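A.B. asks: Sharing query_28.txt here; it has compact mmCIF, C-alpha atoms and all ligand atoms.
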# COMPACT_ATOMS: atom_id res chain seq x y z
CA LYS I 1 86.69 83.17 90.83
CA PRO I 2 85.45 86.35 92.57
CA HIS I 3 86.98 89.76 91.97
CA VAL I 4 87.93 91.70 95.11
CA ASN I 5 89.39 95.14 95.88
CA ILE I 6 91.98 95.31 98.66
CA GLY I 7 94.93 97.51 99.53
CA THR I 8 97.71 98.15 102.01
CA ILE I 9 97.28 100.96 104.53
CA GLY I 10 99.55 102.23 107.28
CA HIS I 11 102.29 104.62 108.33
CA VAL I 12 105.21 105.73 106.16
CA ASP I 13 108.45 103.70 106.13
CA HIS I 14 106.38 100.81 107.55
CA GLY I 15 106.63 98.61 104.46
CA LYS I 16 103.29 98.70 102.67
CA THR I 17 104.75 98.96 99.16
CA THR I 18 107.32 96.26 99.93
CA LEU I 19 104.64 93.80 101.08
CA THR I 20 102.57 94.60 97.98
CA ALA I 21 105.63 93.82 95.85
CA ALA I 22 106.28 90.66 97.89
CA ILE I 23 102.64 89.58 97.57
CA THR I 24 102.56 89.84 93.77
CA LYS I 25 105.96 88.13 93.55
CA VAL I 26 105.16 85.25 95.93
CA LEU I 27 102.23 84.34 93.65
CA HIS I 28 104.10 84.85 90.35
CA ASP I 29 106.88 82.37 91.06
CA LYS I 30 104.13 80.10 92.57
CA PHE I 31 101.67 80.59 89.66
CA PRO I 32 101.73 80.64 85.80
CA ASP I 33 98.33 82.43 86.02
CA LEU I 34 99.44 85.22 88.42
CA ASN I 35 100.59 88.41 86.68
CA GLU I 36 104.12 89.86 86.41
CA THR I 37 106.00 90.12 89.69
CA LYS I 38 106.02 93.92 90.10
CA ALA I 39 109.21 95.44 91.45
CA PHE I 40 109.44 98.12 94.11
CA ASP I 41 110.60 100.74 91.58
CA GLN I 42 107.41 100.84 89.48
CA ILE I 43 105.12 100.44 92.51
CA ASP I 44 106.80 103.08 94.70
CA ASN I 45 107.09 105.59 91.83
CA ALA I 46 103.32 105.33 91.41
CA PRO I 47 101.44 106.83 88.44
CA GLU I 48 99.18 109.88 88.70
CA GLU I 49 95.39 109.56 88.65
CA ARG I 50 92.74 112.24 88.05
CA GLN I 51 89.17 111.31 89.00
CA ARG I 52 86.09 113.55 89.30
CA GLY I 53 88.46 116.53 88.97
CA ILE I 54 90.76 115.57 91.88
CA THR I 55 94.45 114.74 91.40
CA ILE I 56 95.82 111.55 92.99
CA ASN I 57 99.01 109.44 93.00
CA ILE I 58 97.94 105.78 92.96
CA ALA I 59 99.67 102.51 92.04
CA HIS I 60 97.23 99.89 90.78
CA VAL I 61 98.28 96.22 90.66
CA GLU I 62 96.47 92.98 89.78
CA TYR I 63 97.17 89.43 90.94
CA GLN I 64 95.03 86.36 91.57
CA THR I 65 95.11 83.55 94.10
CA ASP I 66 93.41 80.18 93.59
CA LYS I 67 90.32 81.44 95.50
CA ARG I 68 89.88 85.02 94.22
CA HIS I 69 91.24 87.52 91.75
CA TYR I 70 92.38 90.67 93.51
CA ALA I 71 92.69 94.35 92.61
CA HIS I 72 95.40 95.80 94.82
CA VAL I 73 96.01 99.51 95.34
CA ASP I 74 98.91 101.26 97.04
CA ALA I 75 99.90 104.89 97.41
CA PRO I 76 103.11 106.71 98.37
CA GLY I 77 101.71 109.74 100.16
CA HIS I 78 99.52 109.61 103.26
CA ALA I 79 97.28 112.36 101.85
CA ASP I 80 96.82 110.20 98.74
CA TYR I 81 95.18 107.58 100.97
CA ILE I 82 92.88 110.31 102.29
CA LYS I 83 92.07 111.22 98.68
CA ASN I 84 91.71 107.67 97.30
CA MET I 85 89.49 106.29 100.05
CA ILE I 86 87.09 109.24 100.33
CA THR I 87 86.90 109.84 96.55
CA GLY I 88 86.78 106.12 95.67
CA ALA I 89 89.60 105.19 93.37
CA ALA I 90 89.35 101.86 95.22
CA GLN I 91 85.82 101.02 96.26
CA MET I 92 87.75 98.68 98.67
CA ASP I 93 85.95 95.43 99.72
CA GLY I 94 88.80 94.66 102.11
CA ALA I 95 92.00 96.19 103.42
CA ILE I 96 95.35 94.98 104.77
CA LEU I 97 96.58 97.01 107.73
CA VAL I 98 100.39 97.18 107.80
CA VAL I 99 101.95 97.60 111.25
CA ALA I 100 105.73 97.65 111.47
CA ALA I 101 106.71 95.48 114.44
CA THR I 102 109.62 97.86 115.09
CA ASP I 103 107.52 100.99 115.76
CA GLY I 104 103.99 99.64 116.08
CA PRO I 105 100.84 101.63 115.33
CA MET I 106 101.54 105.29 114.56
CA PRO I 107 99.07 108.22 114.00
CA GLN I 108 98.44 107.29 110.36
CA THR I 109 97.89 103.65 111.36
CA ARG I 110 95.03 104.87 113.61
CA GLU I 111 94.06 107.54 111.07
CA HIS I 112 93.89 104.97 108.26
CA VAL I 113 91.81 102.49 110.28
CA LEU I 114 89.55 105.32 111.50
CA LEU I 115 89.02 106.49 107.90
CA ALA I 116 88.29 102.86 107.00
CA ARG I 117 85.11 103.08 109.15
CA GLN I 118 84.14 106.41 107.48
CA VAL I 119 84.21 104.92 103.97
CA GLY I 120 82.39 101.63 104.38
CA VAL I 121 85.33 99.18 104.08
CA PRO I 122 83.85 95.99 105.57
CA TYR I 123 87.04 94.40 106.84
CA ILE I 124 90.59 95.26 107.91
CA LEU I 125 93.23 92.64 108.69
CA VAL I 126 96.76 93.13 109.96
CA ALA I 127 100.15 92.31 108.43
CA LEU I 128 102.69 92.56 111.27
CA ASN I 129 105.68 93.54 109.14
CA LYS I 130 109.42 93.76 109.85
CA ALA I 131 109.63 90.64 112.03
CA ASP I 132 113.02 89.81 110.54
CA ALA I 133 114.37 92.55 112.85
CA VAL I 134 112.43 92.11 116.14
CA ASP I 135 114.17 89.65 118.47
CA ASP I 136 111.78 89.73 121.43
CA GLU I 137 108.78 87.43 121.09
CA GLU I 138 106.82 89.05 123.92
CA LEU I 139 107.31 92.49 122.39
CA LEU I 140 105.70 91.16 119.20
CA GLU I 141 102.92 89.81 121.43
CA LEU I 142 102.21 93.31 122.77
CA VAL I 143 102.52 94.95 119.31
CA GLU I 144 99.57 92.70 118.53
CA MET I 145 97.74 93.96 121.64
CA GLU I 146 98.01 97.68 120.73
CA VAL I 147 96.69 96.97 117.19
CA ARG I 148 93.99 94.39 118.04
CA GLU I 149 92.89 97.08 120.59
CA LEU I 150 92.94 99.77 117.82
CA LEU I 151 90.91 97.53 115.51
CA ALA I 152 88.58 96.56 118.35
CA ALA I 153 87.59 100.14 119.27
CA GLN I 154 86.87 101.05 115.62
CA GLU I 155 84.04 98.49 115.29
CA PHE I 156 86.25 95.72 113.81
CA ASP I 157 87.11 92.58 115.79
CA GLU I 158 89.17 89.70 117.25
CA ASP I 159 87.89 87.75 114.22
CA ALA I 160 90.43 89.79 112.09
CA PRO I 161 93.93 87.78 112.14
CA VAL I 162 97.40 89.34 112.63
CA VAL I 163 100.15 87.67 110.53
CA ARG I 164 103.80 88.18 111.44
CA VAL I 165 105.57 88.66 108.09
CA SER I 166 108.75 90.10 106.65
CA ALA I 167 108.10 92.04 103.46
CA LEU I 168 111.87 92.09 102.84
CA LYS I 169 113.03 88.54 103.58
CA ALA I 170 110.02 87.10 101.73
CA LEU I 171 110.81 89.49 98.87
CA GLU I 172 114.41 88.22 98.97
CA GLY I 173 113.39 84.57 98.61
CA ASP I 174 113.78 83.33 102.18
CA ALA I 175 111.50 80.29 102.31
CA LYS I 176 110.90 80.81 106.04
CA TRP I 177 109.49 84.32 105.52
CA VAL I 178 108.17 83.58 102.01
CA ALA I 179 105.71 81.20 103.66
CA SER I 180 104.74 83.97 106.11
CA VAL I 181 103.25 86.18 103.39
CA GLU I 182 101.80 83.00 101.87
CA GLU I 183 99.60 82.46 104.94
CA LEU I 184 98.60 86.12 104.67
CA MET I 185 97.09 85.58 101.22
CA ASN I 186 95.07 82.64 102.57
CA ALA I 187 93.81 84.75 105.48
CA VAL I 188 93.15 87.46 102.88
CA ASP I 189 91.21 84.84 100.92
CA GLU I 190 88.99 83.66 103.78
CA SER I 191 88.90 86.59 106.24
CA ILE I 192 87.65 89.30 103.87
CA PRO I 193 84.01 88.47 103.05
CA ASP I 194 82.84 87.85 99.51
CA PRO I 195 81.82 91.16 97.86
CA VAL I 196 78.24 91.05 96.61
CA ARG I 197 77.67 90.63 92.88
CA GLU I 198 76.73 94.01 91.42
CA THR I 199 74.02 92.09 89.56
CA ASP I 200 72.62 90.68 92.83
CA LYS I 201 72.38 94.13 94.39
CA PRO I 202 68.82 95.53 94.52
CA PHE I 203 67.86 97.47 91.42
CA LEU I 204 68.93 101.11 91.11
CA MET I 205 69.38 103.35 88.07
CA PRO I 206 69.79 107.14 88.23
CA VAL I 207 67.66 109.15 85.80
CA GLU I 208 69.59 111.16 83.20
CA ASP I 209 66.85 112.71 81.05
CA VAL I 210 63.22 112.17 80.02
CA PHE I 211 61.37 112.62 76.71
CA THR I 212 57.99 111.93 75.09
CA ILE I 213 57.97 109.27 72.32
CA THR I 214 55.11 107.59 70.36
CA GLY I 215 51.94 108.79 72.15
CA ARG I 216 52.14 107.10 75.58
CA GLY I 217 55.94 106.70 75.76
CA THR I 218 57.88 108.71 78.42
CA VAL I 219 61.38 107.15 78.39
CA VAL I 220 63.85 107.67 81.22
CA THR I 221 67.58 107.21 80.73
CA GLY I 222 70.47 106.16 82.92
CA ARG I 223 73.28 103.70 83.49
CA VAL I 224 72.30 101.08 86.07
CA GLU I 225 74.52 101.09 89.15
CA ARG I 226 72.89 98.22 91.06
CA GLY I 227 70.97 95.13 89.96
CA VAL I 228 68.65 94.18 87.10
CA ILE I 229 64.96 94.76 86.36
CA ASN I 230 62.28 92.55 84.75
CA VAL I 231 59.89 94.26 82.28
CA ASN I 232 56.50 95.27 83.84
CA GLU I 233 57.88 94.98 87.41
CA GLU I 234 56.89 97.85 89.74
CA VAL I 235 59.72 100.38 90.46
CA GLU I 236 59.99 103.43 92.76
CA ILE I 237 61.18 106.93 91.69
CA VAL I 238 62.87 108.57 94.67
CA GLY I 239 62.35 112.22 95.59
CA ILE I 240 64.06 114.96 93.63
CA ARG I 241 60.62 116.63 94.11
CA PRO I 242 59.40 116.01 97.71
CA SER I 243 57.11 113.03 97.02
CA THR I 244 57.90 109.31 96.49
CA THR I 245 56.47 108.09 93.14
CA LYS I 246 55.43 104.52 92.07
CA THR I 247 54.92 103.25 88.46
CA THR I 248 55.22 99.94 86.47
CA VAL I 249 57.93 100.05 83.77
CA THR I 250 56.34 99.04 80.43
CA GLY I 251 59.30 98.38 78.14
CA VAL I 252 63.08 98.53 78.50
CA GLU I 253 65.23 99.08 75.43
CA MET I 254 68.99 99.19 74.79
CA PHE I 255 69.89 100.36 71.22
CA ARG I 256 68.25 98.20 68.50
CA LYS I 257 66.97 95.63 71.06
CA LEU I 258 63.94 96.06 73.40
CA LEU I 259 64.93 93.67 76.22
CA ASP I 260 62.92 92.40 79.17
CA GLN I 261 66.00 92.64 81.42
CA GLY I 262 68.73 95.27 81.70
CA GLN I 263 71.90 94.43 83.56
CA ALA I 264 73.88 96.57 86.00
CA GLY I 265 76.10 98.96 84.06
CA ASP I 266 73.98 99.01 80.90
CA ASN I 267 72.95 102.26 79.23
CA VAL I 268 69.20 101.65 79.16
CA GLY I 269 65.95 103.49 78.48
CA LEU I 270 62.83 102.64 80.49
CA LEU I 271 59.32 103.21 79.17
CA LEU I 272 56.79 103.74 81.97
CA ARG I 273 53.03 103.43 82.53
CA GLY I 274 51.29 106.04 84.69
CA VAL I 275 53.51 109.16 84.75
CA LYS I 276 54.13 111.85 82.14
CA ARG I 277 57.33 113.65 81.16
CA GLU I 278 56.96 116.43 83.76
CA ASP I 279 57.06 113.95 86.70
CA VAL I 280 60.74 112.89 86.43
CA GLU I 281 64.02 114.75 87.06
CA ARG I 282 67.73 114.13 86.83
CA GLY I 283 69.07 112.77 90.09
CA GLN I 284 65.86 110.86 90.68
CA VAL I 285 66.31 107.11 90.90
CA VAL I 286 64.18 104.14 89.95
CA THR I 287 64.71 101.74 92.81
CA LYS I 288 63.19 98.32 93.38
CA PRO I 289 59.99 99.15 95.32
CA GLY I 290 60.66 100.01 98.96
CA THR I 291 64.35 99.10 99.01
CA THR I 292 65.59 102.69 99.34
CA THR I 293 64.01 105.91 100.67
CA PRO I 294 65.18 109.56 100.28
CA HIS I 295 66.67 111.53 103.19
CA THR I 296 67.57 115.20 103.68
CA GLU I 297 70.04 115.45 106.58
CA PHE I 298 73.22 113.42 106.94
CA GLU I 299 76.73 113.22 108.38
CA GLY I 300 79.58 112.92 105.88
CA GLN I 301 83.36 112.77 105.57
CA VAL I 302 84.62 115.14 102.88
CA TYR I 303 87.93 116.01 101.26
CA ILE I 304 88.46 119.61 100.18
CA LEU I 305 90.44 120.31 97.03
CA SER I 306 93.60 122.29 97.85
CA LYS I 307 95.15 125.45 96.37
CA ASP I 308 97.49 123.46 94.06
CA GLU I 309 94.58 121.43 92.52
CA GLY I 310 92.38 124.43 91.72
CA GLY I 311 90.50 124.08 94.99
CA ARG I 312 88.68 126.79 96.92
CA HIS I 313 90.57 129.88 98.02
CA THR I 314 88.73 131.08 101.11
CA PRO I 315 88.18 128.58 103.92
CA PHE I 316 84.52 128.10 104.75
CA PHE I 317 82.52 128.35 107.99
CA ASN I 318 79.13 126.99 109.17
CA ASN I 319 76.08 127.92 107.07
CA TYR I 320 78.17 127.33 103.93
CA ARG I 321 75.92 126.97 100.86
CA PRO I 322 77.46 124.81 98.11
CA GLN I 323 75.91 122.25 95.79
CA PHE I 324 76.20 118.49 96.40
CA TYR I 325 76.26 116.35 93.20
CA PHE I 326 74.62 113.23 94.64
CA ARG I 327 74.10 111.12 91.50
CA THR I 328 73.30 112.95 88.26
CA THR I 329 72.17 116.25 89.78
CA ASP I 330 73.45 119.22 91.88
CA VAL I 331 71.37 119.57 95.08
CA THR I 332 72.16 122.60 97.32
CA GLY I 333 72.65 122.09 101.05
CA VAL I 334 74.02 123.83 104.12
CA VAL I 335 76.85 122.82 106.45
CA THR I 336 77.43 122.57 110.18
CA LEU I 337 81.00 121.98 111.29
CA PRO I 338 81.78 119.37 113.98
CA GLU I 339 82.24 120.61 117.53
CA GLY I 340 85.93 121.52 117.68
CA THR I 341 86.23 122.58 114.02
CA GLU I 342 85.68 126.30 113.38
CA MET I 343 87.09 126.55 109.84
CA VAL I 344 87.73 124.21 106.90
CA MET I 345 90.89 125.02 104.95
CA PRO I 346 91.54 123.73 101.42
CA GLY I 347 93.27 120.40 101.76
CA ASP I 348 91.48 119.55 104.99
CA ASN I 349 89.51 116.34 105.37
CA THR I 350 86.83 116.52 108.04
CA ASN I 351 83.68 115.00 109.40
CA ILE I 352 80.73 117.22 108.58
CA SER I 353 76.97 117.62 108.99
CA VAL I 354 74.79 118.72 106.07
CA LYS I 355 71.19 119.90 105.73
CA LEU I 356 69.69 119.82 102.23
CA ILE I 357 66.92 122.05 100.89
CA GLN I 358 65.95 119.07 98.69
CA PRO I 359 65.35 115.41 99.45
CA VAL I 360 67.66 112.90 97.78
CA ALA I 361 67.66 109.12 97.77
CA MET I 362 70.88 108.20 99.55
CA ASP I 363 72.48 105.44 101.58
CA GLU I 364 75.64 105.40 103.68
CA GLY I 365 78.82 105.04 101.65
CA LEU I 366 77.62 107.12 98.69
CA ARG I 367 80.16 109.33 96.95
CA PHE I 368 79.25 112.93 96.18
CA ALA I 369 80.93 116.09 94.94
CA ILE I 370 80.97 119.61 96.39
CA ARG I 371 80.84 122.33 93.75
CA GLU I 372 80.78 126.13 93.38
CA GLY I 373 78.55 126.62 90.35
CA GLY I 374 79.61 123.44 88.57
CA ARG I 375 83.27 123.96 89.52
CA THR I 376 84.00 121.16 92.00
CA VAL I 377 85.75 122.21 95.23
CA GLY I 378 85.66 118.84 97.00
CA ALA I 379 84.10 115.41 97.36
CA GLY I 380 83.27 112.81 99.96
CA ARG I 381 81.11 109.92 101.14
CA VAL I 382 78.06 109.53 103.36
CA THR I 383 78.81 108.26 106.87
CA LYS I 384 75.58 108.71 108.87
CA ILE I 385 72.03 109.78 108.00
CA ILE I 386 69.51 111.66 110.14
CA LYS I 387 65.78 112.02 109.42
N1 LIG P 1 113.78 94.62 107.58
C1 LIG P 1 112.66 94.88 106.88
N2 LIG P 1 112.55 96.09 106.26
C2 LIG P 1 111.45 96.40 105.54
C3 LIG P 1 110.36 95.42 105.44
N3 LIG P 1 109.40 95.98 104.68
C4 LIG P 1 109.84 97.22 104.33
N4 LIG P 1 111.06 97.47 104.84
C5 LIG P 1 111.85 98.72 104.67
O1 LIG P 1 111.02 99.87 104.75
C6 LIG P 1 111.50 100.89 103.86
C7 LIG P 1 110.32 101.55 103.17
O2 LIG P 1 109.45 100.54 102.69
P1 LIG P 1 108.07 100.96 101.99
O3 LIG P 1 107.31 99.75 101.51
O4 LIG P 1 108.32 101.93 100.86
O5 LIG P 1 107.30 101.67 103.20
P2 LIG P 1 105.87 102.36 102.97
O6 LIG P 1 105.62 102.56 101.49
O7 LIG P 1 105.85 103.69 103.67
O8 LIG P 1 104.81 101.46 103.55
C8 LIG P 1 112.41 100.20 102.86
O9 LIG P 1 113.70 100.82 102.88
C9 LIG P 1 112.51 98.76 103.31
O10 LIG P 1 113.88 98.37 103.41
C10 LIG P 1 110.55 94.12 106.15
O11 LIG P 1 109.68 93.23 106.11
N5 LIG P 1 111.70 93.94 106.82
MG MG P 2 104.35 103.27 99.82
Translate the structure of the given file into structure tokens.
C.D. replies:
Amino acid sequence: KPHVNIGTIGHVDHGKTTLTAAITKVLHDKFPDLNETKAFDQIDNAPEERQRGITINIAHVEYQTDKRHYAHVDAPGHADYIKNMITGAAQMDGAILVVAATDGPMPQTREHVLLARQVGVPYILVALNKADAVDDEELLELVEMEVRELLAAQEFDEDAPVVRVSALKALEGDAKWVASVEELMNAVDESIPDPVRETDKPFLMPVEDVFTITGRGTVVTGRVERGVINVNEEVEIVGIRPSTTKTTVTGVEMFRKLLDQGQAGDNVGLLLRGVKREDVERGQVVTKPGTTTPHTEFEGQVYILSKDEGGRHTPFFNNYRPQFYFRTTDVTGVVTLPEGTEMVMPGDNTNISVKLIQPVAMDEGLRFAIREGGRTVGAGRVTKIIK
């Protein structure tokens, strides 16, 4: 019964919210287990979400098929999709592209799929909507060519399936189009690959602080993001200071217990053999040995907080010196703007190149904040690393 994060993406007036309403409905009349059929009113008039200091407008919805339980996310505004995806309100494990068969792919449709590659969304599949209105069959055929050629150039594939649906007629109970969105949810079931168990990910916990206890005890604290660790297994601290450390954890303890295994998500304290207190910093990470290494230069995709959200006032140029909150620490780096971009306004999303004065353990698809002395001015995700 795996849990999966998906969402509808596409142009405005193309019927993303309708299909989301149809999807939840089609499974609620067809399942006692599936949650309340949500109506267009409460999905379209989406609530307001504030995460990491950024304001969003996101509609969360849950439903489950017989193969997976899903966590669906929809937004009203296009910019909200820019916000959500880059700032991770939906660490999406799949995505449903919505292409209205009347218009076809529009700038956002390309912009959404493009941005899907920037944040590492593994799969995108297509829901050819509004087929209740298109007479011509060979027009529909071509509408599939433009898309499948949009998804092919953005490193996706022919493997991804296009499903002609009607988000309206299925929503209105028409058994011919109700079955159409039914096939979608089976494609959704099989096409999107199974998202890895956060337990089965390789071990990773960011360091939060460090103290001296007993005589030989130098505890490190943090909440495990990835994986689990067995007591006395070698770990690897990763580069707030320039070097790469290596030590064998000798005791893990959560609250009253002193476990031999800490799970992903647990607030845990790790006692270590072979380093002292002055060898560990916030933002350092205790990885499984050799799984991850710390880089210094990378290529990211960042969203800048706008005037209305308390974002930066002056636009910034190359050789911009902010801090980058990679995990539990603010590391200062310098910017180079992409060829063609001379200035970054508030509001603007952009690709970006960054050189850090520090080394930081990082992988692609890692959220980070951009701050002016603690005050966050933006956020983003790693897209490409260099050196
Ligand atoms: N005929 C038809 N109209 C649709 C369909 N899906 C959505 N619409 C229309 O599209 C309009 C906006 O739908 P909505 O889901 O809010 O679009 P989005 O949120 O921008 O993706 C509504 O007035 C619907 O009547 C469909 O499958 N068939
Ligand atoms: Mg919408």
A.B. asks: Please measure the separation of CA of residue 311 (chain I) and CA of residue 74 (chain I), giving the value in Å to one decimal.
C.D. replies: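 Spanning CA of residue 311 (chain I) to CA of residue 74 (chain I) is a straight-line distance of 24.4 Å.
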A.B. asks: Calculated over all atoms listed in the file, which of the candidates I:145, I:115, I:270, I:219 has the smallest distance to residue 161 (chain I)?
C.D. replies: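 So, comparing all the options, the nearest one is I:145.
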A.B. asks: What is the CA of residue 133 (chain I)-CA of residue 11 (chain I) distance in Å, reported with one decimal?
C.D. replies: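 That distance, rounded to one decimal, is 17.7 Å.
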A.B. asks: Using all atoms listed in the file, which of I:363, I:29, I:209, I:348 sits nearest residue 119 (chain I)?
C.D. replies: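 Closest candidate: I:363.
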A.B. asks: Can you work out the spacing between CA of residue 275 (chain I) and CA of residue 247 (chain I) in Å, to one decimal?
C.D. replies: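 That distance, rounded to one decimal, is 7.1 Å.
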A.B. asks: Please identify all polymer residues within 8 Å of residue 353 (chain I), counting only C-alpha atoms, omitting same-chain residues fewer than 4 positions from it, and present them as a PyMOL selection string.
C.D. replies: chain I and resi 297-300+335-338
A.B. asks: Taking only C-alpha atoms and all ligand atoms into account, which residues have an atom no farther than 9 Å from ligand MG 2 (chain P)? I'd like them as number ranges by chain.
C.D. replies: I: 8-18, 43-46, 74-78
A.B. asks: For C-alpha atoms, I'd like the residues from the last selection saved as a PDB file, in the frame of the given file.
C.D. replies:
ATOM      1  CA  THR I   8      97.710  98.150 102.010  1.00  0.00           C
ATOM      2  CA  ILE I   9      97.280 100.960 104.530  1.00  0.00           C
ATOM      3  CA  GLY I  10      99.550 102.230 107.280  1.00  0.00           C
ATOM      4  CA  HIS I  11     102.290 104.620 108.330  1.00  0.00           C
ATOM      5  CA  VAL I  12     105.210 105.730 106.160  1.00  0.00           C
ATOM      6  CA  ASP I  13     108.450 103.700 106.130  1.00  0.00           C
ATOM      7  CA  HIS I  14     106.380 100.810 107.550  1.00  0.00           C
ATOM      8  CA  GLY I  15     106.630  98.610 104.460  1.00  0.00           C
ATOM      9  CA  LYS I  16     103.290  98.700 102.670  1.00  0.00           C
ATOM     10  CA  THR I  17     104.750  98.960  99.160  1.00  0.00           C
ATOM     11  CA  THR I  18     107.320  96.260  99.930  1.00  0.00           C
ATOM     12  CA  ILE I  43     105.120 100.440  92.510  1.00  0.00           C
ATOM     13  CA  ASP I  44     106.800 103.080  94.700  1.00  0.00           C
ATOM     14  CA  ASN I  45     107.090 105.590  91.830  1.00  0.00           C
ATOM     15  CA  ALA I  46     103.320 105.330  91.410  1.00  0.00           C
ATOM     16  CA  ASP I  74      98.910 101.260  97.040  1.00  0.00           C
ATOM     17  CA  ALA I  75      99.900 104.890  97.410  1.00  0.00           C
ATOM     18  CA  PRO I  76     103.110 106.710  98.370  1.00  0.00           C
ATOM     19  CA  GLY I  77     101.710 109.740 100.160  1.00  0.00           C
ATOM     20  CA  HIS I  78      99.520 109.610 103.260  1.00  0.00           C
TER      21      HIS I  78
END
A.B. asks: I need the residue nearest ligand LIG 1 (chain P) from this list: I:24, I:102, I:87, I:144. Use all atoms listed in the file for the distance.
C.D. replies: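 Result for the nearest residue to ligand LIG 1 (chain P): I:102.
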A.B. asks: Using all atoms of region 225-234 of chain I listed in the file and a margin of 4 Å per side, can you give the axis-aligned box centre and edge lengths in Å to one decimal, as lines of an AutoDock Vina configuration file?
C.D. replies:
center_x = 65.5
center_y = 96.8
center_z = 86.7
size_x = 26.0
size_y = 16.5
size_z = 16.8
